[PDB]
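A.B. asks: The structure under discussion is supplied below as structure tokens; questions concerning it will follow.
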Amino acid sequence: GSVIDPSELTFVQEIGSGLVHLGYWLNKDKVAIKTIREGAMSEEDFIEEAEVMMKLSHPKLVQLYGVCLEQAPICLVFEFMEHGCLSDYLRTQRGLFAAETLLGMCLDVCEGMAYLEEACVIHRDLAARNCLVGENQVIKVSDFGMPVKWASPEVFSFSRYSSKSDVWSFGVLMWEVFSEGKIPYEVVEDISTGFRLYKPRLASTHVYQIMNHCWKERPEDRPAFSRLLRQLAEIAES
Ligand SMILES: CCC(O)(CC)c1ccc2cc(-c3[nH]nc4cc(C(F)F)sc34)[nH]c2c1
């Protein structure tokens with residue numbers, strides 16, 4: 001449920017393009033209001049996505065205040081994340097990141113993903129653009145209630161979605177983080193021969209090794225998010 005009346009929302013500024021607006025709920029809480037795009041996706045699927053997210057509680061997954069149903073265009077009322085999407089934040093702050101901070105960002109995403117994996121929730125669109133940056137550079141996974149660059153071989157050829165296909169996307173997300181927001185890469189068939197993604201300068205041999213483990217051809221050969229989490233934590237300690 002969590003239905004919010006339109007009169008309770010104050011629209012301040014468009015911050016993303018459906019559209020994302022910086023706003024206020026009850027003239028108190030700073031919120032990110034996501035208004036539906038009239039063309040893409042139905043009103044019903046947009047609300048169902050929010051209903052799924054409101055029942056998934058983890059410190060590394062974005063939270064919602066509620067939904068605005070009354071009039072078109074309908075909107076989702078999210079908590080406001082101070083530094084916006086991860087993809088943009090990595091590019092704007094490029095050259096100012098230490099390798100330890102970039103690994104910490106990957107650990108944050110992996111934590112949220114391990115929770116979703118255990119809850120049997122498949123993201124389907126895991127990328128740096130679908131992750132948010134809050135205070136103290138904390139990363140939260142967004143749009144988890146629902147390309148080829150982030151798609152695994154079984155996804156771009158047979159549409160076989162699983163937590164192991166999300167693991168492949170996480171490997172590409174890891175590349176985006178360590179390359180500081182670089183755009184990855186008929187991208188399918190290029191990956192079929194053996195073309196991965198070049199090793200980023202800030203990523204160590206041990207970090208790139210984990211990325212390759214996410215990029216195994218067979219989904220059963222890729223490690224689960226629960227295993228990846230402890231593998232990433234081992235590198236940070238040593
Ligand atoms: C980069 C900082 C800023 O330019 C400040 C206005 C910015 C830009 C875009 C966003 C998007 C958010 C945001 N917070 N929470 C959500 C949820 C979103 C999704 F679920 F629609 S986008 C978003 N904060 C921002 C902050």
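In the structure tokens, the first chain shown is A, the next is B, and so on; residue numbers restart at 1 for each chain, and ligands run from 1 in the order shown.
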With only C-alpha atoms and all ligand atoms counted and 6 Å as the cut-off, give the residues of chain A in contact with ligand 1, each with its shortest interatomic distance in Å and the pair that gives it, as a Markdown table.
C.D. replies:
| residue | atom | partner | partner_atom_place_in_ligand_line | distance |
| --- | --- | --- | --- | --- |
| A:15 | CA | ligand 1 | 9 (C) | 4.8 |
| A:16 | CA | ligand 1 | 9 (C) | 5.5 |
| A:20 | CA | ligand 1 | 21 (F) | 5.9 |
| A:32 | CA | ligand 1 | 15 (N) | 4.8 |
| A:34 | CA | ligand 1 | 21 (F) | 4.9 |
| A:78 | CA | ligand 1 | 17 (C) | 5.3 |
| A:79 | CA | ligand 1 | 15 (N) | 5.3 |
| A:80 | CA | ligand 1 | 14 (N) | 3.9 |
| A:81 | CA | ligand 1 | 14 (N) | 3.8 |
| A:82 | CA | ligand 1 | 26 (C) | 5.1 |
| A:83 | CA | ligand 1 | 1 (C) | 4.0 |
| A:84 | CA | ligand 1 | 25 (C) | 3.4 |
| A:85 | CA | ligand 1 | 11 (C) | 6.0 |
| A:142 | CA | ligand 1 | 20 (F) | 5.6 |
| A:143 | CA | ligand 1 | 20 (F) | 5.8 |
A.B. asks: Against range 179-186 of chain A, which residues of range 97-152 of chain A fall within 10 Å? For each one I want the closest pair of atoms and the distance in Å (one decimal), counting only C-alpha atoms, rows by chain and increasing residue number, as a Markdown table.
C.D. replies:
| residue | atom | partner | partner_atom | distance |
| --- | --- | --- | --- | --- |
| A:97 | CA | A:180 | CA | 8.2 |
| A:102 | CA | A:180 | CA | 8.4 |
| A:128 | CA | A:181 | CA | 7.8 |
| A:129 | CA | A:181 | CA | 9.3 |
| A:148 | CA | A:186 | CA | 8.5 |
| A:149 | CA | A:184 | CA | 6.4 |
| A:150 | CA | A:184 | CA | 8.5 |
A.B. asks: Would you write out those residues with N, CA, C and O atoms, as a PDB file, in the first residue's frame?
C.D. replies:
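New file again-v2.pdb:
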ATOM      1  N   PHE A  97      39.460   9.123  -6.257  1.00  0.00           N
ATOM      2  CA  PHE A  97      39.191   7.872  -5.552  1.00  0.00           C
ATOM      3  C   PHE A  97      40.425   7.040  -5.273  1.00  0.00           C
ATOM      4  O   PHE A  97      41.273   6.858  -6.150  1.00  0.00           O
ATOM      5  N   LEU A 102      36.819   2.341  -3.837  1.00  0.00           N
ATOM      6  CA  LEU A 102      36.193   1.661  -4.973  1.00  0.00           C
ATOM      7  C   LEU A 102      35.807   0.225  -4.614  1.00  0.00           C
ATOM      8  O   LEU A 102      34.735  -0.227  -5.010  1.00  0.00           O
ATOM      9  N   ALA A 128      25.929   0.325 -12.685  1.00  0.00           N
ATOM     10  CA  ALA A 128      26.287   1.502 -11.881  1.00  0.00           C
ATOM     11  C   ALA A 128      25.214   2.599 -11.955  1.00  0.00           C
ATOM     12  O   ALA A 128      25.009   3.307 -10.969  1.00  0.00           O
ATOM     13  N   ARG A 129      24.496   2.701 -13.099  1.00  0.00           N
ATOM     14  CA  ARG A 129      23.405   3.662 -13.304  1.00  0.00           C
ATOM     15  C   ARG A 129      22.183   3.361 -12.414  1.00  0.00           C
ATOM     16  O   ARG A 129      21.388   4.264 -12.148  1.00  0.00           O
ATOM     17  N   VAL A 148      23.228  -5.471 -23.425  1.00  0.00           N
ATOM     18  CA  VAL A 148      24.079  -6.601 -23.808  1.00  0.00           C
ATOM     19  C   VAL A 148      25.384  -6.516 -23.022  1.00  0.00           C
ATOM     20  O   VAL A 148      26.004  -7.543 -22.735  1.00  0.00           O
ATOM     21  N   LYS A 149      25.793  -5.274 -22.679  1.00  0.00           N
ATOM     22  CA  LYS A 149      27.003  -4.953 -21.923  1.00  0.00           C
ATOM     23  C   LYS A 149      26.970  -5.538 -20.513  1.00  0.00           C
ATOM     24  O   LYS A 149      27.995  -6.018 -20.033  1.00  0.00           O
ATOM     25  N   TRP A 150      25.789  -5.512 -19.866  1.00  0.00           N
ATOM     26  CA  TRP A 150      25.566  -6.038 -18.516  1.00  0.00           C
ATOM     27  C   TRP A 150      24.896  -7.423 -18.535  1.00  0.00           C
ATOM     28  O   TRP A 150      24.784  -8.062 -17.488  1.00  0.00           O
TER      29      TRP A 150
END
A.B. asks: Which residues of range 90-155 of chain A sit at most 9 Å from range 37-57 of chain A, using only C-alpha atoms? Give each one's shortest atom pair and distance in Å (one decimal place), in chain and ascending residue order, as a tab-separated table.
C.D. replies:
residue	atom	partner	partner_atom	distance
A:115	CA	A:56	CA	8.7
A:116	CA	A:56	CA	8.1
A:119	CA	A:56	CA	8.5
A:143	CA	A:49	CA	7.7
A:144	CA	A:53	CA	6.8
A:145	CA	A:49	CA	4.3
A:146	CA	A:49	CA	5.4
A.B. asks: Write the residues of the selection above to a file with N, CA and C atoms, as a PDB file, in the first residue's frame.
C.D. replies:
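File selection12.pdb, as written:
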ATOM      1  N   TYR A 115      21.570 -10.297  -0.181  1.00  0.00           N
ATOM      2  CA  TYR A 115      20.264 -10.283   0.481  1.00  0.00           C
ATOM      3  C   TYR A 115      19.178 -10.635  -0.541  1.00  0.00           C
ATOM      4  N   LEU A 116      19.232 -10.019  -1.748  1.00  0.00           N
ATOM      5  CA  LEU A 116      18.276 -10.264  -2.833  1.00  0.00           C
ATOM      6  C   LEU A 116      18.370 -11.703  -3.341  1.00  0.00           C
ATOM      7  N   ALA A 119      16.712 -13.925  -0.869  1.00  0.00           N
ATOM      8  CA  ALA A 119      15.267 -13.689  -0.941  1.00  0.00           C
ATOM      9  C   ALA A 119      14.671 -14.174  -2.280  1.00  0.00           C
ATOM     10  N   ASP A 143      16.040   0.126  -8.099  1.00  0.00           N
ATOM     11  CA  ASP A 143      15.197  -0.513  -9.127  1.00  0.00           C
ATOM     12  C   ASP A 143      15.344  -2.047  -9.153  1.00  0.00           C
ATOM     13  N   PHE A 144      15.220  -2.669  -7.968  1.00  0.00           N
ATOM     14  CA  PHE A 144      15.370  -4.111  -7.762  1.00  0.00           C
ATOM     15  C   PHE A 144      14.044  -4.888  -7.684  1.00  0.00           C
ATOM     16  N   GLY A 145      12.928  -4.200  -7.925  1.00  0.00           N
ATOM     17  CA  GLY A 145      11.597  -4.797  -7.878  1.00  0.00           C
ATOM     18  C   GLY A 145      11.001  -5.163  -9.224  1.00  0.00           C
ATOM     19  N   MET A 146      11.779  -4.998 -10.312  1.00  0.00           N
ATOM     20  CA  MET A 146      11.355  -5.288 -11.687  1.00  0.00           C
ATOM     21  C   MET A 146      11.259  -6.790 -11.952  1.00  0.00           C
TER      22      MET A 146
END
A.B. asks: Between A:130, A:168, A:194, A:161, which is the closest to residue 221 in chain A once you count only C-alpha atoms?
C.D. replies: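 Checking each candidate against residue 221 in chain A, we get A:168 as the closest.
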A.B. asks: Tell me which protein, DNA and RNA residues are within 8 Å of residue 203 in chain A, counting only C-alpha atoms, leaving out same-chain ones fewer than 2 positions away, and put them as a list in words.
C.D. replies: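 Here the qualifying residues turn out to be residues 99, 178, 179, 199, 200, 201, 205, 207 and 208 of chain A.
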A.B. asks: Residues of range 22-86 of chain A in strand (DSSP E) according to DSSP, as a ChimeraX atom specification?
C.D. replies: /A:22-25,29-35,64-68,75-79
A.B. asks: Export N, CA and C atoms of the chosen residues as a PDB file, in the first residue's frame?
C.D. replies:
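Below is the file selection-v2.pdb, written as the result:
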ATOM      1  N   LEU A  22      13.734  16.198  -7.323  1.00  0.00           N
ATOM      2  CA  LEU A  22      14.083  16.454  -5.934  1.00  0.00           C
ATOM      3  C   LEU A  22      12.822  17.115  -5.379  1.00  0.00           C
ATOM      4  N   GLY A  23      12.367  16.645  -4.228  1.00  0.00           N
ATOM      5  CA  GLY A  23      11.159  17.182  -3.623  1.00  0.00           C
ATOM      6  C   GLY A  23      11.069  17.019  -2.126  1.00  0.00           C
ATOM      7  N   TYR A  24       9.901  17.366  -1.576  1.00  0.00           N
ATOM      8  CA  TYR A  24       9.605  17.258  -0.153  1.00  0.00           C
ATOM      9  C   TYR A  24       8.276  16.556   0.066  1.00  0.00           C
ATOM     10  N   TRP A  25       8.216  15.688   1.085  1.00  0.00           N
ATOM     11  CA  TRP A  25       6.985  15.005   1.474  1.00  0.00           C
ATOM     12  C   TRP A  25       6.572  15.594   2.815  1.00  0.00           C
ATOM     13  N   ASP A  29      10.436  15.829   4.805  1.00  0.00           N
ATOM     14  CA  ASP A  29      11.454  14.921   4.277  1.00  0.00           C
ATOM     15  C   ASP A  29      11.846  15.215   2.856  1.00  0.00           C
ATOM     16  N   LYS A  30      13.164  15.287   2.607  1.00  0.00           N
ATOM     17  CA  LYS A  30      13.741  15.444   1.279  1.00  0.00           C
ATOM     18  C   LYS A  30      13.515  14.097   0.585  1.00  0.00           C
ATOM     19  N   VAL A  31      12.897  14.120  -0.599  1.00  0.00           N
ATOM     20  CA  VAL A  31      12.567  12.901  -1.344  1.00  0.00           C
ATOM     21  C   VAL A  31      12.984  12.986  -2.811  1.00  0.00           C
ATOM     22  N   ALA A  32      13.133  11.821  -3.454  1.00  0.00           N
ATOM     23  CA  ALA A  32      13.388  11.703  -4.883  1.00  0.00           C
ATOM     24  C   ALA A  32      12.108  11.110  -5.454  1.00  0.00           C
ATOM     25  N   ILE A  33      11.351  11.937  -6.180  1.00  0.00           N
ATOM     26  CA  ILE A  33      10.066  11.557  -6.758  1.00  0.00           C
ATOM     27  C   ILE A  33      10.279  11.073  -8.191  1.00  0.00           C
ATOM     28  N   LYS A  34       9.973   9.794  -8.443  1.00  0.00           N
ATOM     29  CA  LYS A  34      10.130   9.183  -9.759  1.00  0.00           C
ATOM     30  C   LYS A  34       8.783   9.121 -10.478  1.00  0.00           C
ATOM     31  N   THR A  35       8.560  10.040 -11.437  1.00  0.00           N
ATOM     32  CA  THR A  35       7.330  10.090 -12.237  1.00  0.00           C
ATOM     33  C   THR A  35       7.458   9.155 -13.433  1.00  0.00           C
ATOM     34  N   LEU A  64      11.651   3.338   0.106  1.00  0.00           N
ATOM     35  CA  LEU A  64      10.551   4.166  -0.367  1.00  0.00           C
ATOM     36  C   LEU A  64       9.698   4.654   0.790  1.00  0.00           C
ATOM     37  N   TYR A  65       9.128   5.851   0.640  1.00  0.00           N
ATOM     38  CA  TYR A  65       8.203   6.424   1.607  1.00  0.00           C
ATOM     39  C   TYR A  65       6.793   5.985   1.219  1.00  0.00           C
ATOM     40  N   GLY A  66       6.563   5.824  -0.082  1.00  0.00           N
ATOM     41  CA  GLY A  66       5.275   5.393  -0.606  1.00  0.00           C
ATOM     42  C   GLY A  66       5.071   5.624  -2.086  1.00  0.00           C
ATOM     43  N   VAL A  67       3.799   5.557  -2.507  1.00  0.00           N
ATOM     44  CA  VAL A  67       3.367   5.697  -3.899  1.00  0.00           C
ATOM     45  C   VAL A  67       2.269   6.751  -4.056  1.00  0.00           C
ATOM     46  N   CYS A  68       2.298   7.495  -5.166  1.00  0.00           N
ATOM     47  CA  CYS A  68       1.278   8.494  -5.477  1.00  0.00           C
ATOM     48  C   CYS A  68       0.466   7.933  -6.651  1.00  0.00           C
ATOM     49  N   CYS A  75       3.598   8.393  -9.497  1.00  0.00           N
ATOM     50  CA  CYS A  75       4.980   8.465  -9.047  1.00  0.00           C
ATOM     51  C   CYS A  75       5.313   7.654  -7.806  1.00  0.00           C
ATOM     52  N   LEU A  76       6.595   7.269  -7.693  1.00  0.00           N
ATOM     53  CA  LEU A  76       7.136   6.545  -6.548  1.00  0.00           C
ATOM     54  C   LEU A  76       7.914   7.559  -5.717  1.00  0.00           C
ATOM     55  N   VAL A  77       7.730   7.520  -4.394  1.00  0.00           N
ATOM     56  CA  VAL A  77       8.373   8.460  -3.479  1.00  0.00           C
ATOM     57  C   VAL A  77       9.514   7.743  -2.758  1.00  0.00           C
ATOM     58  N   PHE A  78      10.750   7.988  -3.216  1.00  0.00           N
ATOM     59  CA  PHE A  78      11.958   7.369  -2.663  1.00  0.00           C
ATOM     60  C   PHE A  78      12.647   8.275  -1.665  1.00  0.00           C
ATOM     61  N   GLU A  79      13.499   7.679  -0.806  1.00  0.00           N
ATOM     62  CA  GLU A  79      14.359   8.434   0.097  1.00  0.00           C
ATOM     63  C   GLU A  79      15.363   9.162  -0.815  1.00  0.00           C
TER      64      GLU A  79
END
A.B. asks: Could you tell me, as a PyMOL selection string, which residues of range 14-113 of chain A DSSP assigns to alpha helix (DSSP H) when given the backbone?
C.D. replies: chain A and resi 43-53+86-92+99-113
A.B. asks: When you draw a straight line from CA of residue 59 in chain A to CA of residue 139 in chain A, how long is it in Å?
C.D. replies: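 Result for CA of residue 59 in chain A versus CA of residue 139 in chain A: 9.2 Å, one decimal.
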A.B. asks: In Å, rounded to a single decimal, give me how far CA of residue 98 in chain A is from CA of residue 151 in chain A.
C.D. replies: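 Taking CA of residue 151 in chain A and CA of residue 98 in chain A, their separation equals 28.2 Å.
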A.B. asks: Quick one: of A:117, A:217, A:125, A:5, who's nearest to residue 69 in chain A, counting only C-alpha atoms?
C.D. replies: A:5
A.B. asks: Measuring atom to atom with only C-alpha atoms, identify which of A:235, A:188, A:202, A:228 is nearest to residue 109 in chain A.
C.D. replies: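 Counting only C-alpha atoms, the residue closest to residue 109 in chain A is A:228.
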A.B. asks: Name the residues in contact with residue 219 in chain A at a cut-off of 10 Å, using only C-alpha atoms, excluding same-chain residues fewer than 6 positions from it; report them as a list in words.
C.D. replies: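 Neighbouring residues, sequence-local ones excluded: residues 152, 153, 154, 160, 162, 163, 164, 165, 166, 167 and 168 of chain A.
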A.B. asks: Please save N, CA, C and O atoms of the selected residues as a PDB file, in the first residue's frame.
C.D. replies:
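Saved to selection.pdb:
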ATOM      1  N   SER A 152      24.465 -11.473 -19.407  1.00  0.00           N
ATOM      2  CA  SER A 152      25.231 -12.724 -19.456  1.00  0.00           C
ATOM      3  C   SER A 152      24.922 -13.486 -20.772  1.00  0.00           C
ATOM      4  O   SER A 152      23.895 -13.185 -21.385  1.00  0.00           O
ATOM      5  N   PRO A 153      25.756 -14.467 -21.224  1.00  0.00           N
ATOM      6  CA  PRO A 153      25.449 -15.176 -22.485  1.00  0.00           C
ATOM      7  C   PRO A 153      24.073 -15.836 -22.555  1.00  0.00           C
ATOM      8  O   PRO A 153      23.410 -15.722 -23.587  1.00  0.00           O
ATOM      9  N   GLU A 154      23.624 -16.472 -21.456  1.00  0.00           N
ATOM     10  CA  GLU A 154      22.311 -17.122 -21.382  1.00  0.00           C
ATOM     11  C   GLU A 154      21.136 -16.123 -21.409  1.00  0.00           C
ATOM     12  O   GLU A 154      20.017 -16.512 -21.746  1.00  0.00           O
ATOM     13  N   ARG A 160      17.523 -16.376 -20.024  1.00  0.00           N
ATOM     14  CA  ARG A 160      17.555 -17.195 -18.813  1.00  0.00           C
ATOM     15  C   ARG A 160      18.097 -16.369 -17.642  1.00  0.00           C
ATOM     16  O   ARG A 160      19.311 -16.329 -17.410  1.00  0.00           O
ATOM     17  N   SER A 162      18.648 -15.394 -13.685  1.00  0.00           N
ATOM     18  CA  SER A 162      18.908 -16.025 -12.389  1.00  0.00           C
ATOM     19  C   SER A 162      19.829 -15.118 -11.568  1.00  0.00           C
ATOM     20  O   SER A 162      20.298 -14.104 -12.086  1.00  0.00           O
ATOM     21  N   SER A 163      20.118 -15.493 -10.304  1.00  0.00           N
ATOM     22  CA  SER A 163      21.037 -14.732  -9.458  1.00  0.00           C
ATOM     23  C   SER A 163      22.466 -14.796 -10.021  1.00  0.00           C
ATOM     24  O   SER A 163      23.239 -13.863  -9.812  1.00  0.00           O
ATOM     25  N   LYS A 164      22.789 -15.871 -10.781  1.00  0.00           N
ATOM     26  CA  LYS A 164      24.085 -16.042 -11.438  1.00  0.00           C
ATOM     27  C   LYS A 164      24.228 -15.115 -12.649  1.00  0.00           C
ATOM     28  O   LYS A 164      25.351 -14.752 -13.002  1.00  0.00           O
ATOM     29  N   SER A 165      23.097 -14.711 -13.271  1.00  0.00           N
ATOM     30  CA  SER A 165      23.121 -13.757 -14.384  1.00  0.00           C
ATOM     31  C   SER A 165      23.332 -12.349 -13.813  1.00  0.00           C
ATOM     32  O   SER A 165      23.994 -11.528 -14.447  1.00  0.00           O
ATOM     33  N   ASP A 166      22.823 -12.101 -12.581  1.00  0.00           N
ATOM     34  CA  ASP A 166      23.022 -10.847 -11.842  1.00  0.00           C
ATOM     35  C   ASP A 166      24.500 -10.738 -11.440  1.00  0.00           C
ATOM     36  O   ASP A 166      25.034  -9.631 -11.394  1.00  0.00           O
ATOM     37  N   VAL A 167      25.154 -11.895 -11.164  1.00  0.00           N
ATOM     38  CA  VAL A 167      26.577 -12.004 -10.818  1.00  0.00           C
ATOM     39  C   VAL A 167      27.433 -11.489 -11.986  1.00  0.00           C
ATOM     40  O   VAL A 167      28.377 -10.734 -11.749  1.00  0.00           O
ATOM     41  N   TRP A 168      27.064 -11.850 -13.241  1.00  0.00           N
ATOM     42  CA  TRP A 168      27.740 -11.386 -14.460  1.00  0.00           C
ATOM     43  C   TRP A 168      27.637  -9.861 -14.544  1.00  0.00           C
ATOM     44  O   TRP A 168      28.646  -9.202 -14.794  1.00  0.00           O
TER      45      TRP A 168
END
